[PDB]
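K.L.:
Pasting a structure here, questions to come.
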Amino acid sequence: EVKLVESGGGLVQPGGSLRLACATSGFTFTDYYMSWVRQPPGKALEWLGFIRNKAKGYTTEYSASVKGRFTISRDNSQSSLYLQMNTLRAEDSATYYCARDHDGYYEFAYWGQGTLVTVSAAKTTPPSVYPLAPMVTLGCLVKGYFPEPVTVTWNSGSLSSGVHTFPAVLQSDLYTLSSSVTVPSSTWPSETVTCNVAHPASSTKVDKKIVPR
Amino acid sequence: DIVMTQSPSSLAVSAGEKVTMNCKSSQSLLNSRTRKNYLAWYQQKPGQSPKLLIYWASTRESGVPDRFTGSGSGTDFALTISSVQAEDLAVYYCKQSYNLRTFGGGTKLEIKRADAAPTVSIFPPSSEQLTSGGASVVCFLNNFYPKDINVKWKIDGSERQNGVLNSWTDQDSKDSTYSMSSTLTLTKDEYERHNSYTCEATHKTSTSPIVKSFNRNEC
């Protein structure tokens with residue numbers, strides 16, 4: 001399997017710098033051009049730059065919006081790509097994707113999962129997690145956290161269908177979001193239901209059982 | 001610095017219809033050496049990374065179904081879907097690679113379906129939130145269609161405008177419905193002054209609002 005995993009993002013002070021890494025495996029890294037693309041929350045994709053393959057001496061190109069400020073490089077022994085990002089502003093807040101472009105063999109272009117970069121002087125804060133007790137619908141309130149993302153599962157993921165998790169909404173440098181889940185009324189409260197919240201930024205894992213009445 | 005312009009912004013169509021969306025470039029994308037137009041189409045489904053569908057204007061990426069077709073040349077191009085299925089729900093972007101790369105602004109593909117009434121649930125503040133002197137009342141308005149909806153909060157017979165934050169999902173692939181959340185936040189003081197809490201929901205599937213309520217005195 002061709003893999004691409006981005007790392008090195010997260011929360012960063014205005015004026016700060018980051019180096020995003022994209023760890024690659026499954027293909028002859030040196031034969032491909034590689035690209036970085038970003039997407040601010042809710043907006044269009046934006047091409048940032050590419051680096052060419054071995055045959056072309058690994059030269060680079062940048063869009064007009066970042067040329068001079070960001071730089072791409074690659075570690076061709078370790079099969080890894082980098083994006084050096086300088087003097088960050090609120091406009092750079094986005095998901096960053098590593099993509100394999102093209103060049104060479106029989107069969108696809110591939111993209112990583114992306115990493116979220118948030119440029120802000122607000123500080124990391126863990127969520128408070130509240131159970132929402134009354135086919136029956138339960139939920140979980142995830143309140144007071146910074147930065148994004150959080151992940152919410154129901155019963156360590158075993159309840160997957162009938163789950164809605166709403167986009168967080170920022171206010172006063174804290175996000176809040178909620179997650180609902182719908183079960184057969186016959187199964188709760190006989191069998192338990194638990195919401196599990198992960199906020200990697202503050203190393204937070206919380207479980208919250210939905211207790212009736 | 002080639003500019004790319006896509007249209008329309010969005011479209012909505014039933015499972016099975018055929019559609020077309022367009023992409024225009026500020027200059028020719030046609031390469032004189034290869035006689036290829038360097039124009040490509042991406043699909044980005046909600047929550048996911050973009051995926052390449054079409055390149056050289058009309059060559060289908062491996063594994064991609066042939067209900068997807070792209071066409072055009074020069075500065076004008078189009079993508080067509082024949083029998084839109086529910087899992088085509090996504091934002092579609094064109095991208096020139098003639099000189100550097102540039103994405104278009106995207107076209108959003110919404111799925112049309114049978115009108116559906118929201119399932120509405122209301123939740124009083126958890127006792128652990130009350131413990132820290134916060135009070136949030138939460139309304140879920142789940143699995144409705146169409147998308148537009150209006151939420152009103154009542155406290156003891158009087159409307160409340162402020163302290164309310166709303167949030168909307170993206171359309172579900174699995175059933176093509178929208179959901180919405182509406183959170184009323186208060187201090188624990190303000191919460192215990194009053195009795196009855198009500199979210200009322202106005203959807204084109206009724207002239208009467210859908211109302212769910214609780215009275216503090218019954219908790």
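Just so you know, all these numbers are worked out from the coordinates, no wet-lab data involved. Note that each Cβ is placed from the backbone with ideal geometry, even for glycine, and that neighbours are counted across all protein chains shown.
K.L.:
Counting DSSP beta bridges in the range A:1-120, what percent are antiparallel, to the nearest 5?
P.N.:
Working: 36 of 40 bridges.
Approximately 90 percent, going by the DSSP bridge assignments.
K.L.:
Exactly which trypsin sites (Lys or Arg not before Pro) in the range B:1-107 are in a DSSP loop and have at most 10 other Cβ atoms within 10 Å?
P.N.:
Those that pass, being in a loop and sparsely packed, are B:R33, B:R35.
K.L.:
If you don't mind, another one. Please compute the contact order of the range B:60-156 in relative form: average sequence separation of alpha-carbon pairs under 8 Å and at least six residues apart, divided by the residue count, as a percent.
P.N.:
After rounding, I find 17 percent.
K.L.:
Say a paramagnetic label sat at a point 7 Å from the Cα of A:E1, along Cα to Cβ; which residues of the range A:9-36 have their backbone N under 20 Å from it?
P.N.:
From the range A:9-36, the list is A:22-29.
K.L.:
How far is the Cα center of the range A:158-197 from the Cα center of the range B:57-77, in Å?
P.N.:
Using only Cα atoms, the two centres lie 40 Å from each other.
K.L.:
Then there is this: Please report Rg over Rh for the range A:3-119, where both radii come from the alpha carbon positions and Rh follows the Kirkwood definition.
P.N.:
Result: Rg/Rh = 0.96.
K.L.:
In whole Å, what is the distance between the alpha-carbon centres of the range A:88-102 and the range A:7-55?
P.N.:
6 Å
K.L.:
Cα-Cα over 27 Å: which of A:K123/B:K51; B:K108/B:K204; B:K18/B:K51; A:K205/B:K112? All intermediate terms of the calculation are to be shown ahead of the outcome.
P.N.:
On the way: A:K123/B:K51 34 Å; B:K108/B:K204 23 Å; B:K18/B:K51 21 Å; A:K205/B:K112 38 Å.
Going by Cα-Cα distance, A:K123/B:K51; A:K205/B:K112 fall outside the 27 Å limit.
K.L.:
As a test of understanding, state the convex hull volume per residue of the range A:130-213 from its alpha carbons, in Å³.
P.N.:
So the per-residue Cα hull volume is 88 Å³.
K.L.:
Calculate, axis by axis, the spread of Cα positions in the range B:119-218 along the three principal axes, and write the results as whole Å, longest axis first.
P.N.:
40, 27, 24
K.L.:
Over chain B, with a Gaussian network built from C-alpha contacts below 10 Å, which listed residue (B:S167, B:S136, B:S176) shows the highest mean-square fluctuation?
P.N.:
B:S167
K.L.:
Looking at the range B:4-112 from every direction and averaging, what is the projected area of its Cα convex hull in nm²?
P.N.:
Dividing the Cα hull surface by four gives the mean projection, 6.4 nm².
K.L.:
Which of B:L79, B:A12, B:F103 sits closest to the plus end of the dipole of the range B:4-112, meaning its Cα is farthest towards the positive end, when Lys and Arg get +1 and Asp and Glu get -1 on the C-beta?
P.N.:
B:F103
K.L.:
Report relative contact order for the range B:4-112 in percent, whole number only (criteria: Cα-Cα under 8 Å, sequence separation at least 6).
P.N.:
38 percent
K.L.:
OK, next. Between A:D31 and B:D156, what FRET efficiency comes out of the Förster formula 1/(1 + (r/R0)^6) with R0 = 51 Å and r the beta carbon distance, rounded to 0.05? Before the final figure, lay out each step's value.
P.N.:
Numbers: r = 70 Å, r/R0 = 1.37.
That gives a FRET efficiency of 0.15.
K.L.:
Another one. Would you mind giving the mean number of other chain beta-carbons within 10 Å of the Cβ of each residue in B:130-141, as a whole number?
P.N.:
For peptide B:130-141, the averaged partner shielding equals 3.
K.L.:
Just checking the output field for B:96-102: average partner chain Cβ neighbours within 10 Å of each residue's Cβ? Walk me through the numbers on the way to the answer.
P.N.:
Working: counts 1, 6, 0, 1, 8, 12, 5.
So the per-residue partner count for this stretch is 5.
K.L.:
Taking every residue in A:43-50, how many Cβ atoms of other protein chains lie within 10 Å of its Cβ, on average?
P.N.:
5
K.L.:
In Å and on Cα atoms, what radius of gyration and Dmax does chain A show?
P.N.:
Just the Cα atoms of chain A yield Rg and Dmax of 20.9, 68 Å.
K.L.:
I need two numbers for chain B: Rg to one decimal and Dmax as a whole number, Cα atoms only, in Å.
P.N.:
23.8, 79
K.L.:
Something else now. Please identify every one of the GluC sites (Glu not before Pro) in the range A:1-96 that sits in a loop by DSSP and has no more than 16 other beta carbons within 10 Å of its own beta carbon. If you can, show how the numbers build up before the last one.
P.N.:
Numbers: sites: A:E1, A:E6, A:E46, A:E61, A:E91; in loops: A:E1.
Loop-located and lightly packed - A:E1.
K.L.:
Report the label-to-label distance for A:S17 and A:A64 in nanometres (one decimal), using points 7 Å from each Cα along the Cα→Cβ vector.
P.N.:
My value for the distance between the label points is 2.7 nm.
K.L.:
Principal axes first, then extents: for the Cα atoms of the protein assembly as shown, list largest minus smallest coordinate on each axis, whole Å, largest first.
P.N.:
79, 47, 38
K.L.:
So how do A:153-166, A:116-129 stack up, highest first, on mean other-Cβ count within 10 Å?
P.N.:
A:116-129, A:153-166
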